[PDB]
Amino acid sequence: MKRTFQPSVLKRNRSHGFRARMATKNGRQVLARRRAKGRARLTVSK
Amino acid sequence: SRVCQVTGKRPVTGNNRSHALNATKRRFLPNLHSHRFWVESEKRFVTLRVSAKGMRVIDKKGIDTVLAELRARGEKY
Amino acid sequence: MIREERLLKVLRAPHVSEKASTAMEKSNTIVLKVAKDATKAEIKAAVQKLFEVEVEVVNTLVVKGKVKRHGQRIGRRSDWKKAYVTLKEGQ
Amino acid sequence: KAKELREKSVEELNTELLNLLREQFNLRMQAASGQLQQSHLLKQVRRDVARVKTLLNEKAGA
Amino acid sequence: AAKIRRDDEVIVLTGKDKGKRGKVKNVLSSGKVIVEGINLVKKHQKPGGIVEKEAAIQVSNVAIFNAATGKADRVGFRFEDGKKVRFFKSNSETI
RNA sequence: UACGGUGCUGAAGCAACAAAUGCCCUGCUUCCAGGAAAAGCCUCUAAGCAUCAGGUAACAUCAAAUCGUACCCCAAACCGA
RNA sequence: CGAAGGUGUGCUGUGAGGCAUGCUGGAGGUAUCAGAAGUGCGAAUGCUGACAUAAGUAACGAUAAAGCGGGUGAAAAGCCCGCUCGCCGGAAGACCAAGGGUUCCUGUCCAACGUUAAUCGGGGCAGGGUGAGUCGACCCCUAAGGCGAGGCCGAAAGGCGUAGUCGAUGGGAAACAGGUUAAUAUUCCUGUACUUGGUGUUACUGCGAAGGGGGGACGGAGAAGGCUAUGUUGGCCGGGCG
RNA sequence: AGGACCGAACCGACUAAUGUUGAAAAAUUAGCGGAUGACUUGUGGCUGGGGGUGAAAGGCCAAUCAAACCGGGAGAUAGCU
RNA sequence: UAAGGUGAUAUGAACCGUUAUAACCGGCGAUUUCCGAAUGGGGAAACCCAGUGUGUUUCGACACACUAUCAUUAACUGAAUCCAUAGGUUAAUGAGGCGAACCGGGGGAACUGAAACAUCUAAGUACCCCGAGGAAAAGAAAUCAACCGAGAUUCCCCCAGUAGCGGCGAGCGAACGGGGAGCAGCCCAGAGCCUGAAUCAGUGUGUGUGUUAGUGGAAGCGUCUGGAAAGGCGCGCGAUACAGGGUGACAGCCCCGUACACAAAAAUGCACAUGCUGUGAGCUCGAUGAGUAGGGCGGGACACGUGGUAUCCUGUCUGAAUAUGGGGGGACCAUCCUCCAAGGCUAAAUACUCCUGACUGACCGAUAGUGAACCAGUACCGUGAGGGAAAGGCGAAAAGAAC
Ligand SMILES: [K+]
Ligand SMILES: [K+]
Ligand SMILES: [K+]
Ligand SMILES: [K+]
Ligand SMILES: [K+]
Ligand SMILES: [K+]
Ligand SMILES: [K+]
Ligand SMILES: [K+]
Ligand SMILES: [K+]
Ligand SMILES: [K+]
Ligand SMILES: [K+]
Ligand SMILES: [K+]
Ligand SMILES: [K+]
Ligand SMILES: [K+]
Ligand SMILES: [K+]
Ligand SMILES: [K+]
Ligand SMILES: [K+]
Ligand SMILES: [K+]
Ligand SMILES: [K+]
Ligand SMILES: [Mg+2]
Ligand SMILES: [Mg+2]
Ligand SMILES: [Mg+2]
Ligand SMILES: [Mg+2]
Ligand SMILES: [Mg+2]
Ligand SMILES: [Mg+2]
Ligand SMILES: [Mg+2]
Ligand SMILES: [Mg+2]
Ligand SMILES: [Mg+2]
Ligand SMILES: [Mg+2]
Ligand SMILES: [Mg+2]
Ligand SMILES: [Mg+2]
Ligand SMILES: [Mg+2]
Ligand SMILES: [Mg+2]
Ligand SMILES: [Mg+2]
Ligand SMILES: [Mg+2]
Ligand SMILES: [Mg+2]
Ligand SMILES: [Mg+2]
Ligand SMILES: [Mg+2]
Ligand SMILES: [Mg+2]
Ligand SMILES: [Mg+2]
Ligand SMILES: [Mg+2]
Ligand SMILES: [Mg+2]
Ligand SMILES: [Mg+2]
Ligand SMILES: [Mg+2]
Ligand SMILES: [Mg+2]
Ligand SMILES: [Mg+2]
Ligand SMILES: [Mg+2]
Ligand SMILES: [Mg+2]
Ligand SMILES: [Mg+2]
Ligand SMILES: [Mg+2]
Ligand SMILES: [Mg+2]
Ligand SMILES: [Mg+2]
Ligand SMILES: [Mg+2]
Ligand SMILES: [Mg+2]
Ligand SMILES: [Mg+2]
Ligand SMILES: [Mg+2]
Ligand SMILES: [Mg+2]
Ligand SMILES: [Mg+2]
Ligand SMILES: [Mg+2]
Ligand SMILES: [Mg+2]
Ligand SMILES: [Mg+2]
Ligand SMILES: [Mg+2]
Ligand SMILES: [Mg+2]
Ligand SMILES: [Mg+2]
Ligand SMILES: [Mg+2]
Ligand SMILES: [Mg+2]
Ligand SMILES: [Mg+2]
Ligand SMILES: [Mg+2]
Ligand SMILES: [Mg+2]
Ligand SMILES: [Mg+2]
Ligand SMILES: [Mg+2]
Ligand SMILES: [Mg+2]
């Protein structure tokens with residue numbers, strides 16, 4: 001049966017990548033929270 | 001934004017109050033109008049978005065004094 | 001005009017292997033490890049200058065480094081660039 | 001050897017730099033071949049390059 | 001500065017070799033010394049054999065041996081000719 | 001022959017018939033529901049340059065970088081612990 | 001010359017308890033009288049860890065299917081080699097995109113992983129392996145759509161949008177056959193090609209765009225003819241005489 | 001010609017049996033419907049939570065839907081166990 | 001500062017150094033890829049693609065720098081359109097982004113409580129947004145008081161769960177006045193006179209005093225048990241040092257320290273003193289904040305829910321007197337008292353801790369204490385926001401078990 005995760009690297013990066021996060025104030029707040037938490041991986045980019 | 005260029009009047013918030021004193025949030029908007037003001041010193045019309053109150057200020061103080069205030073506040077016209 | 005300083009950094013080591021040994025025997029081709037940002041033009045200039053041989057052509061590829069475990073700690077070796085440098089017939 | 005390098009001109013430092021870079025190249029090739037016994041020479045030439053480049057920048061300006 | 005140094009003749013204050021004398025061969029940054037003939041261990045060396053060797057001893061477990069007095073001593077520091085020297089606390093004599 | 005596989009040598013190498021859903025075909029015929037865009041490309045001049053440039057043709061010579069390239073891929077390597 | 005803790009034993013108080021001491025342990029403990037509480041657990045379908053039970057029970061994942069000889073090995077139903085048998089064959093074959101990322105090849109190892117054994121493995125460890133003017137990306141070009149100088153709008157945050165600028169799933173130059181590696185190949189080699197651009201020379205000549213025009217440039221269905229891929233048969237060549 | 005007919009691919013899901021600590025958190029097997037269209041499918045895009053989208057079942061919006069998920073108000077409140 | 005050293009797991013290798021360019025520590029410098037505000041354009045972050053100018057070239061190319069946007073200012077240029085203005089270009093200056101709390105402002109819930117619930121509560125809380133600073137804000141009476149007086153603002157203790165407000169329910173809840181901390185006042189709305197003297201800044205150099213490395217730093221032996229002594233026993237010694245830590249069991253005297261006494265080439269904080277740039281003291285004589293105060297309507301804020309409701313703010317419509325005048329004294333009037341709005345600045349006492357040093361705890365001691373004693377915001381889970389573990393101890397010494 002077809003499951004929910006159907007990977008596409010292009011869609012992944014456009015939806016959740018670093019530049020998508022940086023493009024809005026709320027996305028920049030995500031990055032600020034994840035830096036404050038000390039995440040090794042800020043985004044799906046890397 | 002709904003801001004008078006002369007007075008700085010802008011939307012303020014308050015309540016609607018029913019007869020039963022139910023409070024619901026509302027805004028009070030300024031009575032704004034775009035108006036072409038003749039500036040005799042420049043032989044020109046200057047359009048300002050102004051409250052009716054701001055138009056009375058212009059009538060009292062004169063357009064030249066008001067535009068002088070606008071320039072000194074960084075208010076572009 | 002590529003500067004000597006640049007040319008002295010681009011060639012890192014001879015690559016030693018059975019494929020590299022065969023390349024030298026059969027096709028007069030030396031296999032080198034080169035700087036990851038080295039271009040074909042830089043490699044050609046460096047080989048001609050530093051080894052005093054006529055180069056016919058440079059083919060290049062990037063070797064992706066292997067993921068390895070060193071006692072339950074994931075690590076990755078570095079990517080590196082390999083150059084197949086074909087020398088002219090007399091060299 | 002900064003003091004002795006300090007009594008050379010830019011042109012003398014630039015030829016000195018080239019000599020070190022060629023020496024660094026030869027040692028790098030020797031280490032790759034499995035023939036460099038004296039592994040300490042690699043660090044020595046590297047630090048000598050740094051010293052020459054430091055003095056070139058001092059004789060330039062700051 | 002260090003009170004005990006490489007090549008000092010020391011006497012052991014503490015442990016199985018208390019009273020024995022020897023020359024300091026190595027000073028480790030852990031605060032331990034290798035003293036010649038002191039604190040020997042039998043190492044089972046993989047190819048190979050059972051090899052006797054010096055084990056490091058705490059530097060506070062040895063004292064500078066004052067040859068003149070024939071006993072353990074403590075070190076102090078003085079400036080002589082503008083240079084820092086060690087002296088034996090027993091007799092105020094420069095080491 | 002190291003039973004893995006190398007090495008040396010090499011004949012004929014034509015015709016008939018059948019034949020696609022592939023090609024001619026971005027065609028042709030027909031229908032109504034009436035069937036992208038922009039560049040490359042060809043051509044025209046403007047301002048401008050004017051025994052200059054530029055153009056076209058031929059020949060010679062140089063350049064064409066960089067990154068991907070292993071392997072699975074209806075699957076034991078992807079989505080389903 | 002043996003603290004706490006652990007584990008026995010004896011004594012002892014009405015009880016919570018207390019004391020003594022053997023063994024273990026190997027460095028702490030703490031009277032008395034006061035002082036302070038994270039101060040006492042069997043339950044909360046309590047929380048975490050450990051370990052039982054059912055039980056050596058069910059199951060071992062398509063009923064395409066195996067048999068034997070030889071090899072290697074400590075050991076072989078399962079690995080390697082061989083012969084035979086069976087199964088797929090518009091696929092259970094082959095090549096890719098997407099996605100994965102070394103799983104590829106070689107050597108070595110068999111703890112764990114593999115629903116069994118394993119000498120085998122997509123498992124462990126080490127080393128090797130991806131070669132491009134022409135394939136693809138990048139690049140030029142745009143679609144939907146996105147972003148958007150100024151701008152218009154909005155308590156703030158922001159929204160929308162012009163010029164523009166991005167955005168393929170579409171348009172835009174060029175390479176083929178043969179050979180080769182353990183593992184790459186339209187990339188290496190052999191043979192034979194092609195494209196676009198920069199310079200130089202020679203000759204001749206109106207060149208020139210952010211502009212104009214042409215072109216690129218497009219639907220569904222149907223029909224027929226001409227073909228080739230490809231197949232079949234004959235001929236030819238080599239071998240055969242069961 | 002055709003929301004024409006029979007029928008593979010492809011898209012579905014009417015019946016039955018199996019399975020129900022499954023091979024599978026919706027399948028398998030035998031049959032079944034559509035199969036040039038109001039068809040089907042790849043890539044990319046847009047619509048956002050009292051909001052979307054819906055040939056309308058309160059269906060669907062990441063195994064979640066008469067108001068998604070995540071974090072916060074937060075130790076809501078619990079005359080109940 | 002030194003007799004050792006080349007960071008860790010982590011040995012080894014090849015070396016460096018021992019009287020002073022080994023190493024190590026501190027000051028000041030140099031270098032400082034790419035992404036990221038990211039700023040030459042673009043972009044699926046760590047990549048793709050340029051233009052311009054110089055300089056090098058071996059003609060293949062190569063190096064280096066500059067090129068975002070907005071605001072302000074200046075210059076030049078420049079429409080419809082005559083002058084012009086908009087527009088354009090270049091230069092200079094600044095901004096941008098990030099950061100735990102505290103601070104000011106723009107917006108602003110609901111659960112909940114009221115034993116239901118709508119007024120009310122929760123609460124101007126949570127949350128979102130903007131902006132600032134080392135603090136912020138506030139601040140020099142159109143203030144209170146009560147006929148006596150006080151004298152800016154802020155913070156603490158009282159006043160007081162009082163007076164009040166309140167489906168007069170649930171709840172909400174002052175002030176006057178008193179005791180304290182800390183104290184500080186000024187400038188413009190304008191001329192003249194005499195002059196630039198004051199006090200603040202900025203930028204220099206002295207002058208101490210600190211900070212960022214460091215230096216010296218007392219005094220113990222014997223014997224018993226034991227694997228080992230710091231323990232027992234015996235006899236000494238230091239103490240402006242018996243803080244603390246280490247050492248083979250518990251050490252004032254073994255080691256590192258501690259009390260105490262000292263130290264800076266360099267940078268830098270501070271407090272003075274003394275040069276210099278701007279700021280311009282003082283004195284007579286004026287002047288005294290208008291679409292404002294006040295009002296009508298609607299809301300909000302005041303403990304105060306429109307009430308008999310003063311006072312404050314203003315969305316809307318209006319609209320004075322201006323010192324012979326005006327505001328306030330809790331409806332309102334008279335009298336009396338008191339103050340001077342519609343301009344502005346201002347230290348201290350107050351708030352907070354991402355971070356640095358030192359020190360402390362009738363705080364925890366591995367299911368506790370941080371989620372994290374350990375390579376943890378990791379592994380792992382999730383498209384994503386986000387969620388989020390488990391896991392410490394050989395020994396004194398590896399002497400980590402040759403054969
Ligand atoms: K390939
Ligand atoms: K693929
Ligand atoms: K015991
Ligand atoms: K006690
Ligand atoms: K229980
Ligand atoms: K059992
Ligand atoms: K078995
Ligand atoms: K290419
Ligand atoms: K490229
Ligand atoms: K026969
Ligand atoms: K909702
Ligand atoms: K409520
Ligand atoms: K209730
Ligand atoms: K003793
Ligand atoms: K000691
Ligand atoms: K001690
Ligand atoms: K008014
Ligand atoms: K009065
Ligand atoms: K935990
Ligand atoms: Mg080639
Ligand atoms: Mg390549
Ligand atoms: Mg067909
Ligand atoms: Mg391949
Ligand atoms: Mg308890
Ligand atoms: Mg229990
Ligand atoms: Mg009970
Ligand atoms: Mg169980
Ligand atoms: Mg049973
Ligand atoms: Mg049974
Ligand atoms: Mg069974
Ligand atoms: Mg099976
Ligand atoms: Mg067999
Ligand atoms: Mg076995
Ligand atoms: Mg089998
Ligand atoms: Mg077989
Ligand atoms: Mg692997
Ligand atoms: Mg394999
Ligand atoms: Mg097994
Ligand atoms: Mg493997
Ligand atoms: Mg837009
Ligand atoms: Mg484009
Ligand atoms: Mg495409
Ligand atoms: Mg292959
Ligand atoms: Mg044919
Ligand atoms: Mg039909
Ligand atoms: Mg359906
Ligand atoms: Mg079926
Ligand atoms: Mg039918
Ligand atoms: Mg049919
Ligand atoms: Mg219904
Ligand atoms: Mg669902
Ligand atoms: Mg709801
Ligand atoms: Mg609450
Ligand atoms: Mg609760
Ligand atoms: Mg950018
Ligand atoms: Mg850039
Ligand atoms: Mg800022
Ligand atoms: Mg209630
Ligand atoms: Mg202030
Ligand atoms: Mg009075
Ligand atoms: Mg000292
Ligand atoms: Mg001392
Ligand atoms: Mg012990
Ligand atoms: Mg006044
Ligand atoms: Mg008033
Ligand atoms: Mg008013
Ligand atoms: Mg009134
Ligand atoms: Mg009113
Ligand atoms: Mg009101
Ligand atoms: Mg009054
Ligand atoms: Mg814990
Ligand atoms: Mg424990």
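The chains referred to below are lettered A, B, ... by the order of the sequence lines, with proteins before strands, and numbering in each begins at 1. Any value given below was found using the heavy atoms of this structure, including those in side chains, with hydrogens, waters and symmetry copies removed.
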Expressed as a whole number of Å, how far does the P atom of G/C88 sit from that of G/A52?
-> 49 Å
When the P atoms of I/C253 and I/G232 are considered, how many whole Å apart are they?
-> 15 Å
State which residues pass side-chain hydrogen bond (donor to acceptor under 3.5 Å, both in side chains) with B/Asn22; sequence neighbours excluded, sorted by chain then number.
-> B/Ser18
What's the closest nucleotide to the C/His15 side chain, out of G/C188, G/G129, I/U58?
-> G/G129
Please state whether the phosphate of I/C403, meaning OP1 or OP2, lies under 4.0 angstrom from any side-chain nitrogen or oxygen of E/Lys46.
-> yes
Check side-chain hydrogen bond (donor to acceptor under 3.5 Å, both in side chains) between C/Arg6 and all other residues, then give those that pass, not counting sequence neighbours.
-> C/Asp37, C/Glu42
Could you tell me whether I/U143 and I/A150 make a Watson-Crick or G-U wobble pair, using a cut-off of under 3.5 Å for both distances?
-> yes
Side-chain N,O (A/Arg19) to OP1/OP2 (I/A44) below 4.0 Å = yes
Go through I/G384, I/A30, G/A132 for me and flag the one nearest to the D/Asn57 side chain.
-> I/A30
Can we call I/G226 and I/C155 a base pair, counting Watson-Crick and G-U wobble only and needing both distances under 3.5 Å?
-> no
With a 4.5 Å limit on heavy-atom distance, are the side chains of D/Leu55 and D/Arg6 in contact?
-> yes
Short side-chain N/O contact from A/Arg14 to OP1 or OP2 of G/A168, under 4.0 Å = yes
Residues in side-chain hydrogen bond (donor to acceptor under 3.5 Å, both in side chains) with B/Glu42, at least two apart?
-> B/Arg44
Answer syn or anti for I/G149, where the cut-off is 90° from 0 on the glycosidic torsion.
-> anti
Under 4.0 angstrom, heavy atoms only, what part of the nucleic acid is B/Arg49 near: base, sugar-phosphate, or nothing?
-> sugar-phosphate
Specify the glycosidic conformation (syn or anti) of I/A115, with syn defined as within 90° of 0.
-> syn
Using Watson-Crick (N1 to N3, and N6-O4 or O6-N4) or G-U wobble (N1-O2, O6-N3) distances under 3.5 Å, do G/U103 and G/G211 pair?
-> no
Give the nucleotide from the list I/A14, I/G384, H/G45 with an atom nearest to the side chain of A/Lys11.
-> H/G45
Which of residues 68-91 of chain C sit near RNA chain G, with a heavy atom under 4.0 Å from it?
-> C/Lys68, C/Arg69, C/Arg77, C/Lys82, C/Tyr84
List every contact pair, protein side and nucleotides 252-254 of chain I side both N or O, where the distance is under 3.5 Å.
{"from": "I/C254", "atom 1": "OP2", "to": "E/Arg74", "atom 2": "NH1", "distance (Å)": "3.4"}
{"from": "I/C254", "atom 1": "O2'", "to": "E/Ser60", "atom 2": "O", "distance (Å)": "2.7"}

Reading nucleotides 1-7 of chain I from 5' to 3' and marking B where a protein heavy atom lies under 4.0 Å of the base, S where only the sugar-phosphate is that close, and - otherwise, the string is -SSSSS-
Respond yes when some side-chain nitrogen or oxygen of E/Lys89 is under 4.0 Å from OP1 or OP2 of I/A219, and no when none is.
-> yes
Quick one: on RNA chain G, does B/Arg27 or C/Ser27 contact a more 5' nucleotide (nearest heavy atom)?
-> B/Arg27
Numerically ordered, the residues 51-67 of chain B set in heavy-atom contact under 4.0 Å with RNA chain G is none
Report yes or no: do G/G8 and G/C41 constitute a Watson-Crick or wobble pair with both atom distances shorter than 3.5 Å?
-> no
Going by heavy atoms closer than 4.0 Å, what residues in residues 1-26 of chain B are next to RNA chain G?
-> B/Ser1, B/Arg2, B/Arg10, B/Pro11
Syn within 90° of 0, anti beyond: G/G78 is syn
Which nucleotide in the set I/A14, G/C188, I/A30 lies at the smallest distance from any side-chain heavy atom of D/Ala62?
-> I/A30
Among I/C256, G/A157, I/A402, the nucleotide that comes nearest once only the side chain of A/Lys25 is considered = G/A157
Contacts to RNA chain G from residues 26-38 of chain A, heavy-atom cutoff under 4.0 Å, which residues?
-> none
Pairing between G/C236 and G/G114, Watson-Crick or G-U, 3.5 angstrom cut-off on both = no
Could you tell me whether B/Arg26 sits above the aromatic face of B/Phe28, with NZ or CZ closer than 6.0 angstrom to the six-membered ring centre and within 45 degrees of the axis?
-> yes
With heavy atoms under 4.0 Å as the rule, sort E/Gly15 into base, sugar-phosphate or nothing.
-> base
Please state how far atom NZ in C/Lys44 lies from atom P in F/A64, giving the value in whole angstrom units.
-> 8 Å
With sugar-phosphate meaning primed atoms plus P, OP1 and OP2, does C/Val58 contact a base, only sugar-phosphate, or nothing at under 4.0 Å between heavy atoms?
-> nothing
Report yes or no: is I/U338 base-paired to G/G69 (Watson-Crick or G-U wobble, both distances under 3.5 Å)?
-> no
So is H/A17 sitting in a Watson-Crick or G-U wobble pair with H/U28, both distances under 3.5 Å?
-> yes
hbond_proxy A/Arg39 side chain to I/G386 base (donor-acceptor, 3.5 Å cutoff) | yes
Whether each nucleotide of nucleotides 69-81 of chain F has a protein heavy atom under 4.0 Å at its base (B), only at its sugar-phosphate (S) or at neither (-) is summarised, 5' to 3', as S---------SS-
Earlier contact from the 5' end, RNA chain G, for C/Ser17 and C/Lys40 | C/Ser17
pair_partner(I/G210), Watson-Crick or wobble, both distances < 3.5 Å, evaluates to I/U268
Going by Watson-Crick or G-U wobble geometry, both distances under 3.5 Å, is I/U56 a partner of I/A142?
-> no
Between the protein and nucleotides 16-18 of chain I, are there any N/O to N/O pairs under 3.5 Å, and if so, what are the atom names and distances?
none

Pairing check, H/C32 versus H/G12: Watson-Crick or G-U wobble, both under 3.5 Å?
-> yes
What form does the base of G/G101 take, syn (within 90° of 0) or anti?
-> syn
E/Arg86: partners by side-chain hydrogen bond (donor to acceptor under 3.5 Å, both in side chains), with sequence neighbours left out = E/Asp8
Does I/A197 sit syn or anti, given that only angles within 90° of 0 count as syn?
-> syn
Sticking with atom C1', work out how far I/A301 lies from I/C159, rounded to a whole angstrom.
-> 25 Å
Return the nucleotide paired to F/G22: Watson-Crick means purine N1 to pyrimidine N3 with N6-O4 or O6-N4, wobble means G-U with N1-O2 and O6-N3, both under 3.5 Å.
-> G/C227
Name the nucleic acid region contacted by D/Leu36, choosing base, sugar-phosphate or nothing; use a 4.0 angstrom heavy-atom cut-off, strictly under.
-> nothing
